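# Structure assessment
Read off the chains here:
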Amino acid sequence: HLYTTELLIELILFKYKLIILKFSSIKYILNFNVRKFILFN
Amino acid sequence: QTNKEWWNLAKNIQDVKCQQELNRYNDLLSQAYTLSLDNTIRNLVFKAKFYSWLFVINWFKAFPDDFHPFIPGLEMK
Amino acid sequence: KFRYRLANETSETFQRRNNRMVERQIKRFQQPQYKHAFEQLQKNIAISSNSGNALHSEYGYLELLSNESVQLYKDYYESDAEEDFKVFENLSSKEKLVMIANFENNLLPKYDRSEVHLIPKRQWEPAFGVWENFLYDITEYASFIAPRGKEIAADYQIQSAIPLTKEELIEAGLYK
Amino acid sequence: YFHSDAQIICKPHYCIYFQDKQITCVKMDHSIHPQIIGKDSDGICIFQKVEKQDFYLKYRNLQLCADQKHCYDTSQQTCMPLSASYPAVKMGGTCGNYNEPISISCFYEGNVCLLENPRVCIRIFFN
Amino acid sequence: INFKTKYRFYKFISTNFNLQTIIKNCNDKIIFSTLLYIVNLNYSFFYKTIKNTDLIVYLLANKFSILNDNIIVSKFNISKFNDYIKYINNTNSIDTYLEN
Amino acid sequence: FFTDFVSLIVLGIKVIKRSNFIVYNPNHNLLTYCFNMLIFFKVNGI
Amino acid sequence: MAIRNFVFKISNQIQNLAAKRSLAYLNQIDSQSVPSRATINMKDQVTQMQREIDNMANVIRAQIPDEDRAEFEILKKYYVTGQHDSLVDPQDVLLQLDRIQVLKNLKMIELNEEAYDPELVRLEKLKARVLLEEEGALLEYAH
């Protein structure tokens, strides 16, 4: 384990992110990720 | 002075009571600018010309993120 | 307008309005919520001194600052019939920060808080060598001197925020 | 004999002669659920481990592992086979009814462990 | 393995602990057995040192000392960005003052 | 690792203080000691 | 001793600066209460971010078909807290998603499929798939 489980986790997150991207634009996602990275720094 | 798409997007947004938080959704609310145009050659040429003109007129307008007179905000909501 | 209220007022009128404001602030700070906020502020000083990120106890004190500034403005300018507080009823983040900028804790000790603290010093042992004495000094610094300095500096920082109680103010003759 | 066993359950149980004869006759007849109910009710007065174990086992309607029909007769103690069967039944029950809530709510294990941890010393926290 | 002793421990647990708040819509036998399985799966490192029943009683006593009825506990690692965000958002000073 | 546990009440009833914990725990510790001996509840408690 | 005193003076100034950096928001020593606001500002940003995420879900919760809502919620939950908890099984999350998909297909069967034998076949297959009370041998004999 620790590899198939992480692949499954990545796939589930990928499904959710596809759902997000279907009802959103590229600009909004880029802005949100940039703001999140600035907050992290 | 809004439309159905913007009203749906704004009514699905809740727990927002300051204009900065709503400015955080400026792209999502700008998604309400939907053009019901065709895919013909003439309509594609018009879309190219209109988008180029919009880019130029926004360069000349030069407004920052926090001042968007043409993107409805908290007052309309 | 509130930052330079003293410029527009005479000495006596400023004394009256500011005394009303400070009296009401003192009465507010005796409420259980403010006492609890300051108690939790003092409780997690050791943990909060280790990082610039604030804790829930720190944010409990900071959330009161905006409402406290709004209430100070209301208390100083309650006589003005030309003042509208419905604008203060709801504020944005920038407006809240602007109001917080003009915040003063009138129950703090107004005098200088600078002090001298004496930390015991280890004397070099003639029996030991340079390297052994240096290692002993480094161990003493990393185990005693550094924690003592951290505690002293954190205590200096926190003591400039926690107010004096009403009993202490009366005992010192600073109130009523 | 089920009605007689039910009547004896209402009265004093585990200390009688007619009740013991009725229980022996029922065990000889080897009833499916009536015998289990009678054993659970009669053994409630005298101790509680065997009666509660039989009631819990009969709650799932387990026809197999019929050693209780002989163990409950003069159940002054517990045999090794009966104790092993009861332990196995309890372990199977906990395994099944822990796997089921995890299927129903994937966060069930995360919740329970986080409910017992917060009020402990650092010894349990480091784990 | 001493079935009566295990049942006696179960009776003690059910007597002084409500035990219904942790798991609903089930009997006390199932709840007790499920809690035993959970503690066995998560606290064997302390099983090898301290008693099973002692550890179970300690954990249950502390959990119900927090409150007899249902509680919702969330753990956060302040050193991590996402957990720190969740911690500083969910917690409120008003709720802490009101002992909620 | 070090973690912070935030405990909230769905009912809304107030939780009890730390001294209430130090009162509640010894009660059930004594109950278990009466139930069974040779246990080390006190050492685990402190 | 002079070297040690100089080192301690430097250490004292460093520790005062370090405590000022990590505790400036508590006191109003700094003019205009600047640093405190900054930290408060940070909290606002953080709060906004979380709220933003939630609002996004609300939008998606209003545009997806009504049959999908539950599924989205599951995924949403796993994106918020499920992934960060090591005691939550992604295998069980996937199994729950599969069960919900089977239920959705079963509901889709009730949309006037008008298939005489396939209705029974699919109903039995879905009943035995999610491990209901119906036995697999039951549908095996039915076939």
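Along every chain, residues receive numbers from 1 upward following the written sequence, which is not necessarily the numbering found in the entry; those without coordinates are excluded from display. All chains are assigned letters beginning at A, and all ligands numbers beginning at 1, according to the order in which they are written. Here the displayed chains are drawn from a larger assembly, and the quantities reported describe the displayed chains exclusively. As a convention, hydrogens and water are excluded, and side-chain values are obtained from all of the structure's heavy atoms. Residues with missing side-chain atoms are left out of burial classes, side-chain pairs and their counts.

- As stated in the entry header, the method of structure determination is cryo-EM and the reported resolution is 3.02 Å.

- Per the PDB header, the entry is named "Cryo-EM structure of Tetrahymena thermophila mitochondrial complex IV, composite dimer model".

- Chain A is annotated in the PDB entry as Ymf75 of Tetrahymena thermophila.

### A few points about the overall build of chain A
- Secondary structure assignment for chain A yields two helices and zero strands.
- Along the three orthogonal principal directions, the C-alpha set of chain A runs to about 35 × 30 × 10 Å.
- Per-residue accessibility, obtained with a 1.4 Å probe over protein chains only, is compared with the maximum for each type, and a residue is labelled buried under 20%, exposed over 50%, and partly exposed between these values. The buried share among the 41 residues of chain A stands at 27%.
- Under the convention used here, a 1.4 Å probe and the Shrake-Rupley method define accessible areas, while residue burial counts only the protein chains that appear. Surface exposure of chain A reaches about 3,200 Å², of which carbon and sulfur atoms provide 73%. Numbering of helices and strands runs from the N terminus; a helix is a DSSP stretch of H or I covering at least four residues, while a strand is a stretch of E covering at least two.

### Some remarks on the interface of chain G and chain D
- Residue-level contacts link 10 residues of chain G with eight residues of chain D.
- Counting residues per element, the ones that place at least two in the side of chain G that touches chain D are α3 (69–82) and α4 (90–109) of chain G.
- Here the side of chain G that touches chain D gets five residues from one element, more than from any other, and that element is α4(G). Note on contacts: a residue pair is in contact if any heavy atoms of the two residues lie within 4.5 Å.

### Quick look at the packing of helix α1 (residues 3–16) of chain E against helix α1 (residues 18–35) of chain F
- Whenever a helix is involved, its axis is fitted only over the stretch in contact; in every case the axis is a line through C-alpha atoms, and angles between N-to-C directions fall within 0 to 180 degrees. In the contact formed by α1(E) and α1(F), the axes pass within 11 Å of each other and the chain directions differ by 150°. By the angle between their directions, the pair α1(E) and α1(F) is classed as roughly antiparallel. Viewed along their axes, α1(E) and α1(F) form a crossing whose handedness is right-handed. Taken together, the residues of α1(F) that come into contact with α1(E) (itself represented by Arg8(E), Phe12(E) and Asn16(E)) are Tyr24(F), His28(F), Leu31(F), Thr32(F) and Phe35(F).
- Residues are sorted three ways: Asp, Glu, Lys and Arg are charged, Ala, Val, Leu, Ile, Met, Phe, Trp, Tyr, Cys and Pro are nonpolar, and all the rest, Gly among them, are polar. The residue inventory of the contact of α1(E) with α1(F), partitioned by class, reads four nonpolar, three polar and one charged. Comment on the angle field: the value is read as roughly parallel under 35 degrees, roughly antiparallel over 145, roughly perpendicular from 65 to 115, and oblique elsewhere. Handedness of a crossing is defined here by the sense of rotation of the near helix relative to the far one, left-handed for an anticlockwise turn of less than a right angle and right-handed for a clockwise turn.

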